[PDB]
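target-v6.cif (mmCIF, C-alpha atoms)
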```
data_my_file
#
loop_
_atom_site.label_atom_id
_atom_site.label_comp_id
_atom_site.auth_asym_id
_atom_site.auth_seq_id
_atom_site.Cartn_x
_atom_site.Cartn_y
_atom_site.Cartn_z
CA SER A 5 -0.91 -13.40 5.20
CA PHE A 6 -4.47 -12.40 4.07
CA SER A 7 -7.17 -11.77 6.71
CA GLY A 8 -10.87 -10.88 6.79
CA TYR A 9 -11.84 -12.36 3.39
CA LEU A 10 -15.16 -14.05 2.55
CA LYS A 11 -14.57 -17.35 0.67
CA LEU A 12 -16.65 -17.46 -2.53
CA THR A 13 -15.21 -20.70 -4.03
CA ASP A 14 -12.30 -23.18 -3.63
CA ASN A 15 -9.91 -20.45 -4.90
CA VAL A 16 -11.72 -17.03 -4.89
CA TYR A 17 -11.88 -14.79 -1.82
CA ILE A 18 -13.39 -11.30 -1.48
CA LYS A 19 -13.08 -8.40 0.99
CA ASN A 20 -14.41 -4.85 1.16
CA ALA A 21 -10.98 -3.16 1.15
CA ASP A 22 -8.85 -0.46 -0.44
CA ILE A 23 -6.42 -2.57 -2.56
CA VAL A 24 -3.69 0.05 -1.84
CA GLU A 25 -4.13 -0.33 1.94
CA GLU A 26 -4.46 -4.14 1.56
CA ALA A 27 -1.18 -4.23 -0.45
CA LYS A 28 0.68 -1.92 1.97
CA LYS A 29 -0.47 -4.12 4.91
CA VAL A 30 0.01 -7.64 3.37
CA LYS A 31 2.81 -6.93 0.86
CA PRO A 32 1.74 -9.96 -1.19
CA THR A 33 3.89 -11.79 -3.77
CA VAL A 34 1.62 -10.37 -6.53
CA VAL A 35 -0.68 -7.37 -6.62
CA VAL A 36 -2.75 -7.00 -9.80
CA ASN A 37 -3.06 -3.56 -11.37
CA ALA A 38 -6.09 -2.62 -13.49
CA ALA A 39 -3.81 -1.36 -16.25
CA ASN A 40 -4.41 0.12 -19.64
CA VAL A 41 -2.37 -0.87 -22.71
CA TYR A 42 -0.15 2.23 -22.29
CA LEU A 43 0.51 1.58 -18.60
CA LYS A 44 -0.66 5.17 -17.98
CA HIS A 45 -1.63 4.91 -14.29
CA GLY A 46 -3.79 8.00 -14.09
CA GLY A 47 -6.88 6.98 -12.14
CA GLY A 48 -8.88 4.18 -10.57
CA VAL A 49 -6.85 1.31 -9.10
CA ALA A 50 -3.82 2.12 -11.31
CA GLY A 51 -3.68 5.81 -10.30
CA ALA A 52 -4.04 4.78 -6.63
CA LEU A 53 -1.36 2.03 -6.72
CA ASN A 54 1.03 4.27 -8.67
CA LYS A 55 0.54 7.17 -6.19
CA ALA A 56 1.35 4.77 -3.31
CA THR A 57 4.68 4.00 -5.08
CA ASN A 58 5.53 7.76 -5.22
CA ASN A 59 5.25 7.43 -9.10
CA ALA A 60 8.00 4.78 -9.28
CA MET A 61 5.48 2.36 -10.87
CA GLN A 62 4.85 4.96 -13.65
CA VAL A 63 8.57 5.56 -14.30
CA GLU A 64 9.21 1.79 -14.54
CA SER A 65 6.11 1.46 -16.74
CA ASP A 66 7.23 4.21 -19.11
CA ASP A 67 10.59 2.43 -19.59
CA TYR A 68 8.66 -0.87 -20.24
CA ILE A 69 6.48 0.76 -22.95
CA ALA A 70 9.48 2.56 -24.55
CA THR A 71 11.16 -0.89 -24.87
CA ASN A 72 8.20 -3.18 -25.67
CA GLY A 73 5.31 -1.05 -26.95
CA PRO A 74 1.78 -1.22 -25.61
CA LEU A 75 0.18 -4.31 -24.12
CA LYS A 76 -2.82 -5.94 -25.79
CA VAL A 77 -6.31 -5.62 -24.34
CA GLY A 78 -6.57 -8.90 -22.42
CA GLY A 79 -2.80 -9.02 -21.89
CA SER A 80 -0.43 -8.46 -18.97
CA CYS A 81 3.12 -7.86 -17.93
CA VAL A 82 4.99 -8.48 -14.67
CA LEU A 83 6.84 -5.54 -13.22
CA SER A 84 8.07 -4.57 -9.76
CA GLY A 85 5.63 -4.35 -6.84
CA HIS A 86 7.78 -1.54 -5.35
CA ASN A 87 6.66 -0.95 -1.73
CA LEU A 88 3.28 -2.75 -2.28
CA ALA A 89 4.25 -6.32 -3.32
CA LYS A 90 7.12 -8.37 -4.70
CA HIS A 91 5.55 -8.11 -8.20
CA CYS A 92 2.81 -6.10 -9.90
CA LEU A 93 0.91 -8.00 -12.55
CA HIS A 94 -0.39 -5.25 -14.83
CA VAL A 95 -3.50 -6.70 -16.48
CA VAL A 96 -5.56 -4.93 -19.16
CA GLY A 97 -9.23 -5.72 -18.96
CA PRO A 98 -11.44 -4.31 -21.75
CA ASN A 99 -12.57 -0.74 -21.18
CA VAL A 100 -16.17 -0.82 -22.45
CA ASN A 101 -16.18 3.05 -22.32
CA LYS A 102 -13.58 2.73 -25.20
CA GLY A 103 -15.74 0.09 -27.03
CA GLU A 104 -13.39 -2.82 -26.23
CA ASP A 105 -14.80 -6.32 -26.51
CA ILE A 106 -16.21 -7.49 -23.11
CA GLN A 107 -15.35 -11.03 -24.35
CA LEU A 108 -11.68 -10.10 -23.67
CA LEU A 109 -12.42 -9.99 -19.89
CA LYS A 110 -11.99 -13.78 -19.74
CA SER A 111 -8.61 -13.47 -21.56
CA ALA A 112 -7.62 -10.79 -19.05
CA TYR A 113 -8.42 -13.04 -16.05
CA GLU A 114 -6.50 -15.99 -17.62
CA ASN A 115 -3.30 -14.05 -16.87
CA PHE A 116 -3.99 -14.66 -13.15
CA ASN A 117 -3.48 -18.43 -13.66
CA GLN A 118 0.27 -17.85 -14.11
CA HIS A 119 0.55 -16.94 -10.38
CA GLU A 120 -0.27 -19.21 -7.42
CA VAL A 121 -1.77 -16.36 -5.31
CA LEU A 122 -2.72 -12.79 -6.12
CA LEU A 123 -4.26 -9.72 -4.51
CA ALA A 124 -6.48 -8.20 -7.25
CA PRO A 125 -9.30 -5.85 -8.14
CA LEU A 126 -12.30 -6.91 -10.26
CA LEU A 127 -11.08 -6.44 -13.80
CA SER A 128 -12.93 -3.99 -16.06
CA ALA A 129 -14.90 -2.71 -13.04
CA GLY A 130 -14.94 0.87 -11.80
CA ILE A 131 -13.75 3.37 -14.43
CA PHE A 132 -13.39 0.58 -17.08
CA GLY A 133 -17.22 0.57 -17.29
CA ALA A 134 -18.09 -3.17 -17.06
CA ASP A 135 -20.71 -4.65 -14.74
CA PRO A 136 -18.75 -5.78 -11.62
CA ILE A 137 -21.27 -8.65 -11.08
CA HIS A 138 -20.30 -9.98 -14.54
CA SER A 139 -16.59 -9.42 -13.79
CA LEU A 140 -16.85 -11.53 -10.56
CA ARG A 141 -18.67 -14.31 -12.49
CA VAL A 142 -15.92 -14.38 -15.16
CA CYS A 143 -13.29 -14.29 -12.39
CA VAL A 144 -14.71 -17.36 -10.57
CA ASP A 145 -15.26 -19.20 -13.92
CA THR A 146 -11.71 -18.43 -15.23
CA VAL A 147 -9.16 -18.11 -12.41
CA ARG A 148 -8.00 -21.41 -10.92
CA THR A 149 -5.18 -19.99 -8.70
CA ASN A 150 -5.89 -18.35 -5.34
CA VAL A 151 -7.19 -14.80 -5.87
CA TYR A 152 -7.94 -12.34 -3.04
CA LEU A 153 -10.35 -9.69 -4.46
CA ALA A 154 -10.39 -6.22 -2.88
CA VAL A 155 -13.66 -4.32 -3.56
CA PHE A 156 -13.33 -0.63 -2.59
CA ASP A 157 -17.07 0.25 -2.60
CA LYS A 158 -19.09 -1.21 0.35
CA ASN A 159 -22.49 -1.02 -1.47
CA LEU A 160 -20.96 -2.92 -4.43
CA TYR A 161 -19.24 -5.45 -2.09
CA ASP A 162 -22.61 -6.16 -0.42
CA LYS A 163 -24.33 -6.50 -3.84
CA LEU A 164 -21.60 -8.86 -5.14
CA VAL A 165 -21.85 -11.14 -2.07
CA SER A 166 -25.69 -11.02 -1.81
CA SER A 167 -26.20 -11.91 -5.54
CA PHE A 168 -23.34 -14.49 -5.75
CA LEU A 169 -24.55 -17.51 -7.80
#
```

Show this structure as structure tokens.
Amino acid sequence: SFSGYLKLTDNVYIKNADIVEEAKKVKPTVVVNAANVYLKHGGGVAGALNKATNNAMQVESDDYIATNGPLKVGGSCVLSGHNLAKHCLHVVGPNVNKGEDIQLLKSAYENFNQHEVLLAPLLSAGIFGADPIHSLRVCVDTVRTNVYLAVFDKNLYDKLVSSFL
């Protein structure tokens, strides 16, 4: 199971880790992808997870979109975890570089409550342009299930921990 995490709350844990390497190691029931509405896994967490699946995540995703159309900002779908996890929960946080409403970050994190335990990134962080400190606050104030957060950047990990509360 999960090792090396700092406990932030009753249900939120955090680790300075590459979510791809964490998933490959742990192979959790659920890994969260920082998806976009098109499930186009080009960069950031999504590009990295998809590359680790040898593009099988993208091929599955393209079939999902062809069948169902795009997700909503704030929404999710459950697809295969391929080699990384049993399931991948593809969650769309707002991309504030695209002018999406930051208020939808809470809606995005509510999707986590449908799963008892998840490996996840901070939604809307990194290339999605939101303040990771805000993202962690919304995470702890929204998610009630057990969520293991992987933070790639060590300087940001240290900032998140040192400013928590």

With distances taken over all atoms listed in the file, which residue among A:112, A:124, A:12, A:30 lies nearest residue 50 in chain A?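 Once distances to residue 50 in chain A are computed over all atoms listed in the file, the minimum belongs to A:124.
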
Residues selected by the PyMOL selection byres ((chain A and resi 9) around 9), written as a PDB file with C-alpha atoms, in the frame of the given file:
```
ATOM      1  CA  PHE A   6      -4.470 -12.400   4.070  1.00  0.00           C
ATOM      2  CA  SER A   7      -7.170 -11.770   6.710  1.00  0.00           C
ATOM      3  CA  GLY A   8     -10.870 -10.880   6.790  1.00  0.00           C
ATOM      4  CA  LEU A  10     -15.160 -14.050   2.550  1.00  0.00           C
ATOM      5  CA  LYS A  11     -14.570 -17.350   0.670  1.00  0.00           C
ATOM      6  CA  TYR A  17     -11.880 -14.790  -1.820  1.00  0.00           C
ATOM      7  CA  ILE A  18     -13.390 -11.300  -1.480  1.00  0.00           C
ATOM      8  CA  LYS A  19     -13.080  -8.400   0.990  1.00  0.00           C
ATOM      9  CA  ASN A  20     -14.410  -4.850   1.160  1.00  0.00           C
ATOM     10  CA  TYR A 152      -7.940 -12.340  -3.040  1.00  0.00           C
ATOM     11  CA  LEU A 153     -10.350  -9.690  -4.460  1.00  0.00           C
ATOM     12  CA  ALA A 154     -10.390  -6.220  -2.880  1.00  0.00           C
TER      13      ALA A 154
END
```

Hits from the PyMOL selection byres ((chain A and resi 99) around 12), listed as a ChimeraX atom specification: /A:38-41,76-78,95-98,100-109,112,127-135

As a check of understanding: the span from CA of residue 63 in chain A to CA of residue 42 in chain A is 12.3 Å

Using all atoms listed in the file, can you tell me which of A:111, A:167, A:87, A:139 comes closest to residue 58 in chain A?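 Once distances to residue 58 in chain A are computed over all atoms listed in the file, the minimum belongs to A:87.
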
Leaving out residue 29 in chain A and any residue of its chain fewer than 3 positions from it, which residues lie within 10 Å of it when counting only C-alpha atoms, given as a ChimeraX atom specification? /A:5-6,23-26,32,88-89

Taking the file as I've supplied it (selection: the PyMOL selection byres ((chain A and resi 80) around 7)), which residues are included? Please answer as an NGL selection string. :A and (75 or 79 or 81-82 or 93-96 or 115)

Gap from CA of residue 155 in chain A to CA of residue 43 in chain A - Å, one decimal: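 Going from CA of residue 155 in chain A over to CA of residue 43 in chain A, I get 21.5 Å.
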
Using only C-alpha atoms, which of A:117, A:72, A:33, A:84 sits nearest residue 143 in chain A? A:117

From the coordinates supplied, range 66-93 of chain A should be written with N, CA and C atoms, as a short mmCIF file (atom, residue, chain, number, x, y, z; two decimals), in the first residue's frame.
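Listed below is the output, part.cif:
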```cif
data_model
loop_
_atom_site.label_atom_id
_atom_site.label_comp_id
_atom_site.auth_asym_id
_atom_site.auth_seq_id
_atom_site.Cartn_x
_atom_site.Cartn_y
_atom_site.Cartn_z
N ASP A 66 -10.01 8.27 -26.63
CA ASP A 66 -10.56 8.71 -27.93
C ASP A 66 -11.85 7.94 -28.25
N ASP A 67 -11.86 6.65 -27.96
CA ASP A 67 -13.12 5.87 -28.12
C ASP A 67 -14.20 6.42 -27.16
N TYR A 68 -13.86 6.71 -25.90
CA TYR A 68 -14.84 7.30 -24.95
C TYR A 68 -15.42 8.59 -25.51
N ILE A 69 -14.60 9.51 -26.00
CA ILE A 69 -15.12 10.80 -26.50
C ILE A 69 -15.97 10.56 -27.76
N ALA A 70 -15.54 9.68 -28.65
CA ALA A 70 -16.31 9.41 -29.88
C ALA A 70 -17.71 8.94 -29.51
N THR A 71 -17.84 8.21 -28.42
CA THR A 71 -19.13 7.63 -27.97
C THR A 71 -19.93 8.66 -27.18
N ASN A 72 -19.29 9.41 -26.30
CA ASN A 72 -20.01 10.16 -25.24
C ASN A 72 -19.89 11.66 -25.40
N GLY A 73 -18.98 12.17 -26.21
CA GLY A 73 -18.70 13.59 -26.28
C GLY A 73 -17.84 14.01 -25.09
N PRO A 74 -17.48 15.29 -25.09
CA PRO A 74 -16.57 15.82 -24.09
C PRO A 74 -17.17 15.78 -22.68
N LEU A 75 -16.28 15.71 -21.71
CA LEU A 75 -16.70 15.88 -20.31
C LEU A 75 -17.04 17.35 -20.10
N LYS A 76 -17.61 17.63 -18.94
CA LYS A 76 -17.82 19.01 -18.46
C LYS A 76 -16.63 19.42 -17.60
N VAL A 77 -16.31 20.70 -17.62
CA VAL A 77 -15.34 21.23 -16.63
C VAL A 77 -15.96 21.00 -15.24
N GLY A 78 -15.21 20.34 -14.37
CA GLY A 78 -15.74 19.92 -13.07
C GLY A 78 -16.13 18.47 -13.05
N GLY A 79 -16.22 17.83 -14.22
CA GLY A 79 -16.74 16.47 -14.33
C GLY A 79 -15.67 15.42 -14.37
N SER A 80 -16.04 14.17 -14.52
CA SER A 80 -15.10 13.04 -14.52
C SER A 80 -15.68 11.90 -15.31
N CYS A 81 -14.82 10.96 -15.64
CA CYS A 81 -15.23 9.62 -16.05
C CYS A 81 -14.25 8.60 -15.51
N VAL A 82 -14.68 7.39 -15.35
CA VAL A 82 -13.85 6.25 -14.93
C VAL A 82 -13.51 5.43 -16.15
N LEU A 83 -12.23 5.27 -16.38
CA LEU A 83 -11.73 4.40 -17.44
C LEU A 83 -10.70 3.44 -16.87
N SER A 84 -10.04 2.68 -17.70
CA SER A 84 -9.05 1.72 -17.25
C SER A 84 -7.85 2.46 -16.65
N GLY A 85 -7.23 1.85 -15.65
CA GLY A 85 -5.92 2.27 -15.15
C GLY A 85 -4.76 1.63 -15.88
N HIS A 86 -5.01 0.78 -16.85
CA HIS A 86 -3.95 0.14 -17.66
C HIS A 86 -2.93 -0.47 -16.70
N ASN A 87 -1.66 -0.15 -16.89
CA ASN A 87 -0.55 -0.73 -16.11
C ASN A 87 -0.37 0.03 -14.80
N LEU A 88 -1.09 1.15 -14.60
CA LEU A 88 -0.81 2.10 -13.49
C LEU A 88 -1.73 1.88 -12.30
N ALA A 89 -2.90 1.27 -12.49
CA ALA A 89 -3.98 1.27 -11.49
C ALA A 89 -5.09 0.37 -12.02
N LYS A 90 -6.02 -0.01 -11.16
CA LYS A 90 -7.19 -0.74 -11.65
C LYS A 90 -7.97 0.24 -12.53
N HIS A 91 -8.26 1.43 -12.01
CA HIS A 91 -9.07 2.45 -12.69
C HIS A 91 -8.28 3.74 -12.80
N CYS A 92 -8.59 4.54 -13.80
CA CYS A 92 -8.20 5.95 -13.88
C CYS A 92 -9.45 6.81 -13.79
N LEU A 93 -9.52 7.63 -12.76
CA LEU A 93 -10.58 8.63 -12.70
C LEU A 93 -10.10 9.91 -13.37
#
```
